[PDB]
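Trainee: Chains as they are written, first to last, in the deposited numbering: chain G, 11 to 399; chain K, 9 to 398; chain J, 9 to 393.
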Amino acid sequence: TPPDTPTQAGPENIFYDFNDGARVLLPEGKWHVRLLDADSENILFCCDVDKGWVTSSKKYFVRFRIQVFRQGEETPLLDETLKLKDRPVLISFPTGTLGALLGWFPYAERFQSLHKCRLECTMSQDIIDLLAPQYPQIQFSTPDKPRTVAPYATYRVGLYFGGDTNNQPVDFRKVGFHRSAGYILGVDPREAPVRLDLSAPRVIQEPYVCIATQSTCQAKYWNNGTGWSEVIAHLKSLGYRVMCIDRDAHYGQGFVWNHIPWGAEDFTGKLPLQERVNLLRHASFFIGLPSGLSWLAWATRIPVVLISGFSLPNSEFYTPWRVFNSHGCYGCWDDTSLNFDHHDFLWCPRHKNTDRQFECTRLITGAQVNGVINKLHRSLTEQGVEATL
Amino acid sequence: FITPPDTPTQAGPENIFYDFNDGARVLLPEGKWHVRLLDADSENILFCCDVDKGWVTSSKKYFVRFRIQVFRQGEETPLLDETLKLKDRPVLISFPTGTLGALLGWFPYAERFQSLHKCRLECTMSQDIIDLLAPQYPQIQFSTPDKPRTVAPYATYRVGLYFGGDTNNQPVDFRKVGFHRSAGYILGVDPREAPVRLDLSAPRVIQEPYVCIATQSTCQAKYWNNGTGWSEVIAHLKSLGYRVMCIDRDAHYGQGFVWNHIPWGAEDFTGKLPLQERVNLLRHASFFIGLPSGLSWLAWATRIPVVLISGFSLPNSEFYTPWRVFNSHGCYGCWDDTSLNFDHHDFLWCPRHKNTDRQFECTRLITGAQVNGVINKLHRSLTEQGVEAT
Amino acid sequence: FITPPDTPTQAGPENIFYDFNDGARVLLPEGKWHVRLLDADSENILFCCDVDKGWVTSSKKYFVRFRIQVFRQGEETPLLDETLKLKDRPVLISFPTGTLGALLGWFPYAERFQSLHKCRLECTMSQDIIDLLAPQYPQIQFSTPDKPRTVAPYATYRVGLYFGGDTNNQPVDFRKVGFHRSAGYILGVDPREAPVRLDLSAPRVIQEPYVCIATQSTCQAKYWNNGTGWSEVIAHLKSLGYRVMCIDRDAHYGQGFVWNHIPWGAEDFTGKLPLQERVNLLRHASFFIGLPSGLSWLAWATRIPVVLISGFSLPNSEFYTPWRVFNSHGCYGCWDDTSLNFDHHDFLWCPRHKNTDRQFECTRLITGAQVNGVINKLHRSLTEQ
Ligand SMILES: Nc1ncnc2c1ncn2[C@@H]1O[C@H](COP(=O)(O)OP(=O)(O)O[C@H]2O[C@@H]([C@H](O)CO)[C@H](O)[C@@H](O)[C@H]2O)[C@@H](O)[C@H]1O
Ligand SMILES: Nc1ncnc2c1ncn2[C@@H]1O[C@H](COP(=O)(O)OP(=O)(O)O[C@H]2O[C@@H]([C@H](O)CO)[C@H](O)[C@@H](O)[C@H]2O)[C@@H](O)[C@H]1O
Ligand SMILES: Nc1ncnc2c1ncn2[C@@H]1O[C@H](COP(=O)(O)OP(=O)(O)O[C@H]2O[C@@H]([C@H](O)CO)[C@H](O)[C@@H](O)[C@H]2O)[C@@H](O)[C@H]1O
Ligand SMILES: [Fe+3]
Ligand SMILES: [Fe+3]
Ligand SMILES: [Fe+3]
Numbered sequence: 011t012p013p014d015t016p017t018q019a020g021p022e023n024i025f026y027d028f029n030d031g032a033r034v035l036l037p038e039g040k041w042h043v044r045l046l047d048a049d050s051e052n053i054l055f056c057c058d059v060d061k062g063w064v065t066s067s068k069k070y071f072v073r074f075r076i077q078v079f080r081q082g083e084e085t086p087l088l089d090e091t092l093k094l095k096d097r098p099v100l101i102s103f104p105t106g107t108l109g110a111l112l113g114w115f116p117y118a119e120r121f122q123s124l125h126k127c128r129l130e131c132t133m134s135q136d137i138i139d140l141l142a143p144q145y146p147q148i149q150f151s152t153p154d155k156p157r158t159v160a161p162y163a164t165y166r167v168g169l170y171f172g173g174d175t176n177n178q179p180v181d182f183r184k185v186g187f188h189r190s191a192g193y194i195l196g197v198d199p200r201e202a203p204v205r206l207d208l209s210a211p212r213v214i215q216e217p218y219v220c221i222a223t224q225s226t227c228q229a230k231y232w233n234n235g236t237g238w239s240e241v242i243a244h245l246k247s248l249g250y251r252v253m254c255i256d257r258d259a260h261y262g263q264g265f266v267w268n269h270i271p272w273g274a275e276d277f278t279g280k281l282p283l284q285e286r287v288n289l290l291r292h293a294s295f296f297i298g299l300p301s302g303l304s305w306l307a308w309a310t311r312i313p314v315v316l317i318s319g320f321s322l323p324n325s326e327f328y329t330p331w332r333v334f335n336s337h338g339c340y341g342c343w344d345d346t347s348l349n350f351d352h353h354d355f356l357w358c359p360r361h362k363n364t365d366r367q368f369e370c371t372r373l374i375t376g377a378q379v380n381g382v383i384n385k386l387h388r389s390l391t392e393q394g395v396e397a398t399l
Numbered sequence: 009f010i011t012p013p014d015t016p017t018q019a020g021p022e023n024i025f026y027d028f029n030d031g032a033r034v035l036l037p038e039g040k041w042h043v044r045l046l047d048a049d050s051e052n053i054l055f056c057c058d059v060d061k062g063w064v065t066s067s068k069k070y071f072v073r074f075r076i077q078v079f080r081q082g083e084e085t086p087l088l089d090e091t092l093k094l095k096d097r098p099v100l101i102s103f104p105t106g107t108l109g110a111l112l113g114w115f116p117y118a119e120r121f122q123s124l125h126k127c128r129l130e131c132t133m134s135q136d137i138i139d140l141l142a143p144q145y146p147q148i149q150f151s152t153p154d155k156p157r158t159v160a161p162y163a164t165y166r167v168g169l170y171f172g173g174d175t176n177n178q179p180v181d182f183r184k185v186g187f188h189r190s191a192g193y194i195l196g197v198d199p200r201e202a203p204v205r206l207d208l209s210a211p212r213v214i215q216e217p218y219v220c221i222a223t224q225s226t227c228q229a230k231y232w233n234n235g236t237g238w239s240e241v242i243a244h245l246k247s248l249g250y251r252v253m254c255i256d257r258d259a260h261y262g263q264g265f266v267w268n269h270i271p272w273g274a275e276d277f278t279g280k281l282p283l284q285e286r287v288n289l290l291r292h293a294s295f296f297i298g299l300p301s302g303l304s305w306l307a308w309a310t311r312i313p314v315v316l317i318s319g320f321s322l323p324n325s326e327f328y329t330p331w332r333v334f335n336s337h338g339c340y341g342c343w344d345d346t347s348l349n350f351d352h353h354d355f356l357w358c359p360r361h362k363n364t365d366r367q368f369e370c371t372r373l374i375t376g377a378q379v380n381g382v383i384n385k386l387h388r389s390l391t392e393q394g395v396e397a398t
Numbered sequence: 009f010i011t012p013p014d015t016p017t018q019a020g021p022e023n024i025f026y027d028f029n030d031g032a033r034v035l036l037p038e039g040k041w042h043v044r045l046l047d048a049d050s051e052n053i054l055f056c057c058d059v060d061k062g063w064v065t066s067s068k069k070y071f072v073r074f075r076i077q078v079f080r081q082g083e084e085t086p087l088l089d090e091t092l093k094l095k096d097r098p099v100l101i102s103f104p105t106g107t108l109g110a111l112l113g114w115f116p117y118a119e120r121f122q123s124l125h126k127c128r129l130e131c132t133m134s135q136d137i138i139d140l141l142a143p144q145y146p147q148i149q150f151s152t153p154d155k156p157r158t159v160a161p162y163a164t165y166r167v168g169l170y171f172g173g174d175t176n177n178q179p180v181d182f183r184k185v186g187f188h189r190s191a192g193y194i195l196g197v198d199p200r201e202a203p204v205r206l207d208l209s210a211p212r213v214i215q216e217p218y219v220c221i222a223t224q225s226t227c228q229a230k231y232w233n234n235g236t237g238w239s240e241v242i243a244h245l246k247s248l249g250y251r252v253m254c255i256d257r258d259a260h261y262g263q264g265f266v267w268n269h270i271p272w273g274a275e276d277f278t279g280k281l282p283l284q285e286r287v288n289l290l291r292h293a294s295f296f297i298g299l300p301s302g303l304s305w306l307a308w309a310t311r312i313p314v315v316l317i318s319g320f321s322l323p324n325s326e327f328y329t330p331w332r333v334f335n336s337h338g339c340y341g342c343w344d345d346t347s348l349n350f351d352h353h354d355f356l357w358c359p360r361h362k363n364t365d366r367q368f369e370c371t372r373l374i375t376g377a378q379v380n381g382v383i384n385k386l387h388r389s390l391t392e393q
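(1) Rounded to whole angstroms, what is the Cα-Cα separation between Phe103/K and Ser134/K?
(2) Roughly how many whole angstroms lie between the Cα atoms of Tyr117/J and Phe150/J?
(3) So what does DSSP say about residue 8/J, is it helix, strand or coil?
(4) How about the segment 243 to 258 of chain J and the segment 213 to 226 of chain J: do they share at least three Cβ pairs that are nearer than 8 Å?
(5) Compute the Euclidean distance between the alpha carbons of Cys227/G and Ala274/G, then round it to the nearest angstrom.
(6) Per DSSP, what kind of secondary structure is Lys126/J in: helix, strand or coil?
(7) Look up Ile255/G in the DSSP assignment and give the residues it is bridged to.
(8) Please state whether the Cβ-Cβ distance between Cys127/G and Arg166/G is less than 8 Å.
(9) Tell me whether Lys155/J sits in a helix, a strand or coil according to DSSP, three-state version.
(10) Could you tell me whether any Cβ in chain J is nearer than 8 Å to the Cβ of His337/K?
Structural data, given as structure tokens:
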């Protein structure tokens with residue numbers, strides 16, 4: 011929540027602010043308020059108002075220029091341009107869902123390095139415990155306990171559906187959900203991994219592989235019947251130990267329930283993320299869904315085989331071991347003509363409650379994934395961990 | 009699966025051919041005749057008709073002691089008056105192309121039918137079931153559907169499930185008496201259930217106490233669709249000092265995106281093995297936890313305690329077992345409901361709550377704590393009063 | 009019938025009163041409560057709501073090991089958390105001012121319920137049935153509906169037939185499992201049928217071999233509506249050297265113009281006698297030929313062969329007997345069909361064929377020759393083994 015009263019004091023009891031876009035609160039009189047884009051000198055908004063609130067429709071980063079006129083005056087009573095250097099800036103991520111935070115957060119550091127501001131970021135505690143030690147320049151906090159109280163500017167990074175163009179410059183479906191943060195903060199949009207504590211010594215001596223079979227919605231699962239079984243068996247035949255590191259061993263809704271695959275070691279449970287990083291680091295590689303554990307595995311600098319058909323290859327971070335099939339329905343989430351249902355586990359634009367439901371992922375056979383795994387294995391044996399990454 | 013002789017097997021005087029395959033049949037040459045079919049036991053006139061030529065068959069196909077009367081138009085007495093008499097005659101009982109549970113349920117009635125009428129009985133079924141049963145039932149001749157040895161049988165009876173409330177090929181709807189007892193009703197014998205006789209001579213292989221489980225079936229309604237059920241049960245079994253083994257034919261089975269896998273923690277004894285090996289493994293098991301699939305019937309026949317988990321069928325639809333798990337607070341017993349109809353082509357069949365939040369709800373309401381409570385009772389019963397407890 | 013206490017019998021802490029008569033009841037005083045009802049066996053949350061002062065009852069009335077939880081509307085832990093526990097507690101089982109075969113069929117499940125939970129059980133029924141059963145069941149206290157001796161019972165269960173596919177007072181529709189097994193389902197015990205224990209000590213009075221029959225029924229459907237059935241059967245019985253004796257309560261019974269009388273040739277042992285005398289006569293009988301009426305259940309409990317003639321109910325609707333007579337070529341099982349509904353006010357009830365040519369075809373197809381065939385098998389079985 012933004013402050014009820016704007017944080018900056020202007021002359022003649024006018025209060026201005028940049029917390030939820032560019033805001034300005036006028037007392038009593040007859041005013042003519044003008045919002046400009048300082049970079050392009052375009053007049054973004056302009057109106058005659060007597061008292062009420064005036065906010066910009068755009069909420070993402072824009073170097074706003076606020077002008078407050080008297081209704082007939084030549085020069086401005088107030089004329090303040092956004093300037094963030096050595097100022098209290100608050101970046102608010104939503105209550106934590108991994109992966110999304112790992113994807114977004116590297117854009118928050120770029121925002122701080124660019125504008126040289128005093129930055130505080132609000133997120134769930136576990137992500138703070140994961141990230142905070144490596145980013146000393148940024149102050150971490152939880153949503154319910156923010157330490158700036160009165161911030162100069164606030165920006166709210168998140169996913170905004172329905173083709174929203176007011177809190178984000180472009181629909182995130184067009185540029186990728188994680189880059190979108192870069193666009194919102196107006197920095198270098200190119201993806202990057204977060205910096206983690208990779209100092210933890212190896213525990214398990216034998217070569218082993220980490221896998222993640224669970225996600226938040228069923229579309230993201232690998233809904234091939236014999237997929238995970240064939241993959242795990244093939245991994246074992248190559249001399250790998252296989253370990254599931256999902257948070258839940260069993261997850262699903264109604265009658266559709268997904269369980270940790272037979273043959274995979276049980277490393278599941280609600281553990282602190284640092285332990286997962288430690289285990290993942292010394293793994294030979296990681297085979298995952300588009301869920302967050304794939305982003306965590308990416309940040310630990312190990313090869314990531316990412317199995318997804320419900321999302322396009324360019325929607326997540328790049329990896330040469332991306333598994334994807336293009337002969338059936340695919341990229342259902344990606345399309346801008348469809349809208350994601352938050353209350354439906356089930357929900358297919360084009361085959362829901364039909365014979366072809368979750369075809370996006372069913373066409374991805376074990377043999378395909380095992381073909382990718384064979385390439386990645388030969389790359390690891392012949393060349394080293396240098397060649398992949 | 010079964011095709012009656014195109015020409016009736018029994019010869020009647022004036023080139024009339026009569027038969028008791030596919031109900032009571034009679035084929036007349038050309039002429040004028042009045043034909044009557046009677047129930048010899050009740051002396052009721054079942055069918056009255058006038059026909060010049062062609063086929064005359066009874067609408068009822070299940071066992072009835074028929075009495076066929078063929079009359080020349082205007083005659084007082086019958087030309088042919090033959091009543092069904094099965095002693096020392098070729099009788100062919102035809103099961104549907106094989107399934108595991110339905111055959112094990114049905115077949116004991118076939119033996120009663122032979123012991124009652126003292127007839128030469130041949131039964132047609134799939135080969136694996138023949139390999140399982142044949143040695144213990146010497147008096148009955150086993151064959152496959154494509155290679156029947158009795159080319160000209162006196163009477164034929166076709167035991168099976170008949171949906172849509174059929175009352176011509178079965179006396180009662182099988183949903184009213186239980187699918188397996190229906191066979192008894194069709195053959196007109198003692199309908200009370202019984203287990204088949206198996207080869208229980210196999211020596212114990214695994215020394216430690218162990219439990220057999222079956223998680224797979226043909227349609228999703230029969231599965232235990234609780235999220236954490238099988239996991240909690242297997243963990244509880246292990247905590248009691250049991251080894252747990254899955255003996256399903258398939259390790260993975262399902263349709264579309266719905267797929268069921270052998271539960272983590274259970275030993276892999278899956279695969280397409282001969283049934284006799286499954287009998288050998290099941291016999292020395294401490295007890296069995298199963299669905300309403302056939303492996304529960306096979307486990308029942310091996311004289312071990314059977315915990316049967318099902319909500320899509322009523323408790324009285326299968327064989328009796330004190331360890332039957334059932335929940336009556338939600339949807340249940342769709343299978344037994346005579347107002348509904350089973351879909352053979354729909355794997356995700358639940359007629360009343362498909363594609364809703366409450367789909368397969370009745371199965372779900374069966375929690376791991378309920379089944380573990382039954383397992384606790386059965387465990388204490390076994391430790392305290394051994395295997396002599398009924 | 010029977011009324012539950014207007015105020016729950018068990019005291020809870022903050023003037024909360026809970027109870028297990030008529031399902032799980034709880035009565036809250038004034039305040040702001042959040043009440044949950046759970047199934048202790050499955051740990052499922054059966055019911056859950058926020059209520060200010062009033063009654064909260066479970067929709068299910070049959071036996072469930074309920075668990076009642078009463079919350080403050082913001083509390084973490086329960087103010088009251090009580091699970092059903094019946095050992096050494098006052099439990100009341102109420103049968104209707106019941107019919108004869110229904111009570112004989114049901115009552116064995118009441119004894120199982122007591123032996124399982126080790127409770128102090130009182131059963132309410134009509135006096136004649138009490139006189140019949142009470143001496144053999146000392147562990148259970150018998151009473152009449154109007155004079156119950158447990159004024160404040162811990163749990164109450166009401167065994168009966170509930171039509172219209174009711175699933176709140178009985179777990180399953182009784183047409184699906186059989187009317188008498190339903191009791192077992194209601195009390196959550198072994199549903200398998202059993203005969204009550206009677207006084208079978210009475211000495212033989214009639215020397216010659218004899219047969220007991222019960223012609224009359226309540227509903228015309230249950231009668232043997234074949235024209236010459238009973239006459240042929242009685243004549244055949246006499247030709248086999250049996251004396252034939254009718255033990256129905258009424259010699260004449262029926263409605264409107266449809267009237268049924270004690271068949272000619274059968275001896276008149278009718279009348280409103282105490283059931284114990286009927287038991288005494290039935291015991292030494294060679295066998296019994298009856299309808300689905302109660303006297304067939306009484307004859308069953310006296311451990312004599314029972315030929316049961318019925319078409320309006322399926323063979324599995326009553327107790328098992330190898331001498332069951334049934335015809336499957338016409339209308340049958342008017343009674344077991346879940347798509348139909350029994351009319352208590354209609355004596356001439358057949359839903360599918362009333363006022364047609366085929367009315368009570370259910371039983372008319374059952375000829376005397378059929379029943380005499382069964383009797384011939386049973387007679388040879390008696391003379392030989
Ligand atoms: N404490 C933990 N300890 C150990 N493991 C844990 C822990 N917590 C979660 N997991 C595990 O990761 C998954 C959650 O993924 P998350 O919420 O972060 O994903 P979310 O669905 O919101 O979006 C996903 O879906 C992707 C999709 O492509 C968007 O269109 C997004 O790009 C990205 O945000 C990704 O996430 C869980 O299912 C667990 O298995
Ligand atoms: N060689 C084998 N070695 C080891 N296991 C084997 C072998 N072969 C099959 N199975 C396994 O048996 C089950 C399927 O058979 P099944 O006939 O039982 O089941 P189906 O789905 O057709 O429904 C059932 O439904 C039951 C009915 O619903 C009772 O309520 C029927 O009584 C039963 O006969 C059958 O109708 C699966 O679990 C197979 O992997
Ligand atoms: N004082 C007496 N002294 C001696 N005998 C007596 C005396 N009084 C009555 N009978 C005699 O028992 C019968 C009473 O009817 P009843 O309860 O039996 O039948 P009701 O129609 O209510 O339904 C019945 O329906 C039967 C049916 O088979 C269920 O589908 C049930 O099995 C049966 O338990 C009951 O449901 C009378 O018809 C008499 O002959
Ligand atoms: Fe899709
Ligand atoms: Fe259902
Ligand atoms: Fe009828």
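Positions of the beta carbon are idealized from the N, C-alpha and C atoms, including for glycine.
Mentor: Well, looking at it:
(1) Just so you know, the alpha carbons of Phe103/K and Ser134/K end up roughly 9 Å apart.
(2) The straight-line gap separating the alpha-carbon atoms of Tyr117/J and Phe150/J is approximately 15 Å.
(3) Residue 8/J falls outside the range modelled here, since chain J spans only 9 to 393, and no answer is possible.
(4) Taking a cut-off of 8 Å on C-beta distances, the segment 243 to 258 of chain J touches the segment 213 to 226 of chain J, as three or more cross pairs fall below it.
(5) Their backbone Cα atoms lie some 22 Å apart in a straight line.
(6) Reduced to three states, the DSSP call for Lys126/J is coil.
(7) In DSSP, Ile255/G forms no bridge with anything.
(8) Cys127/G places its beta carbon 8 Å or farther from that of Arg166/G.
(9) For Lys155/J, the secondary structure class from DSSP, reduced to helix, strand or coil, is strand.
(10) Yes - at least one Cβ of chain J is within 8 Å of the one on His337/K.
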